[PDB]
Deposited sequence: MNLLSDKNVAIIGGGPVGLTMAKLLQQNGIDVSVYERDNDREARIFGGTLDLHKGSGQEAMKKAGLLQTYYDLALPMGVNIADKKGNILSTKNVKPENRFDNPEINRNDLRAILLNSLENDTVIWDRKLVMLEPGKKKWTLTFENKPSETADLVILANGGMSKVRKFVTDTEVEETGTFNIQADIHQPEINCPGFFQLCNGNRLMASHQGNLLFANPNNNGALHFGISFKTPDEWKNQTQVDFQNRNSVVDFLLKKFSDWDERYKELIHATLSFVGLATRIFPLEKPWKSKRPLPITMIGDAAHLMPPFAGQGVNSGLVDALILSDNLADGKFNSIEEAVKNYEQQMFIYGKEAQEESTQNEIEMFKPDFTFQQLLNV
């Protein structure tokens, strides 16, 4: 049941892009309105791990899991100390190398983009407004023609602004803060640090600061530093490089000389506060027209527990099915049901993520 109409996915993330396929597979008419300028736009951020059981189910259900195993690269993980000592190393074992192999965010999108029918994604669409008209929604896009649709699936990330028709819940900051960079030609530009990783992820922890790194994101080193947000911040300048460098050289003064090599080797740092979009209040029972929310727009959550795209790919799988079912009658109950299941696990995940982030920053911890 439920055909003859069309869908509008605002946001071509990993999650929305997946969602376009699972609908377009079962013959539903979808469009993905994405704000990026063109497909070849560089995606900042590290590597996704799709878990067997959640993320991977979604890639399976679309016929892409082998394509995901093809492009993803399984990684082992070291754990180091401020002095550079390897304390542990779980390398990849031949059977469970298919557990969560790291795939690059652009690689993933290229896979999802091939799966979709041509012109499924209309690019240069920054959705600014939603008016719920007659039998459908009017969607307005900055300096581009408006369009209309029966169902609007919100996939536009943790800081989506058009949530109000679903919930008046708003994102909160978490209390921790994350700095991130890329380093190109890591082998020569951060030679000491690249070696300490030995082709493996690298996770350190000292006195409330946390460093993470991936030595191989298509030949780029991506590292990330996390800390309880300095109290002095409320309501540095990440545009000014050696201003972020000095902050970091203070915070990381006691660490080995090799990590400092990383910091003075990165050109541009990007600042991010950790945020949560809590599943506290049940979303509105009263909704003018059919609308729902998957991905980081549904449950933005701290990036410290492997959740985020997996919850998002799952809630893609779940919702997508509820629509393609003749096992449903009313779309209002077809999404009410997707929203039932996600409140369960998102909360489960948010609890984990919020929990893990309490765990670190608290005096020297062991890792997972």
**OP:** Identify which parts of the deposited sequence carry no C-alpha coordinates, going from the N-terminal end onward.
**Re:** 1-2, 238-240, 374-378
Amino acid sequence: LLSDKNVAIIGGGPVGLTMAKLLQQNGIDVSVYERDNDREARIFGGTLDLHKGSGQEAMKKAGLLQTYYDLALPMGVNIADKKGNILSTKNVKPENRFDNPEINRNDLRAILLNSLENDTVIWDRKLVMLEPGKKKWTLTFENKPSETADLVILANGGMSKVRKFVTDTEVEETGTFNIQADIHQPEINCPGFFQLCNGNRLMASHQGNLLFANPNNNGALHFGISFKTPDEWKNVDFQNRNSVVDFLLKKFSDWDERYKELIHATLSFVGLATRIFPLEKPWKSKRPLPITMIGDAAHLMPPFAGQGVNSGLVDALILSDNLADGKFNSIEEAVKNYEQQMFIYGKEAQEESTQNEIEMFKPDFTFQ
From here on, numbers count along this sequence of modelled residues.
**OP:** Could you settle it for me: does 278-286 or 72-80 have the higher average Cα B factor in the PDB entry?
**Re:** 278-286
Original post:
So 7-15 or 354-362, which one's hotter by mean CA B-factor in the entry?
Top reply: 354-362
**OP:** Can you pull the Cα B-factors for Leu50, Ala58, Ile43, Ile331 from the entry and say which is highest?
**Re:** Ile331
**OP:** Tell me, please, which of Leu210, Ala273, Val236, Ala213 has the highest C-alpha B factor according to the deposited entry?
**Re:** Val236
Original post:
In terms of the chain's CA B-factor thirds, is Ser243 lowest, middle or highest?
Top reply: highest
Original post:
Within this chain, which third does the Cα B-factor at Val309 fall in: lowest, middle or highest?
Top reply: lowest
**OP:** Looking at the entry's B-factor column for C-alpha atoms only, identify whether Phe141 ranks in the lowest, middle or highest third of its chain.
**Re:** middle
**OP:** Taking the values exactly as deposited, rank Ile28 by C-alpha B-factor within its chain and report the matching third: lowest, middle or highest.
**Re:** highest
Subject >> CA B-factor ranking of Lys90, expressed as a third of its chain >> reply: middle
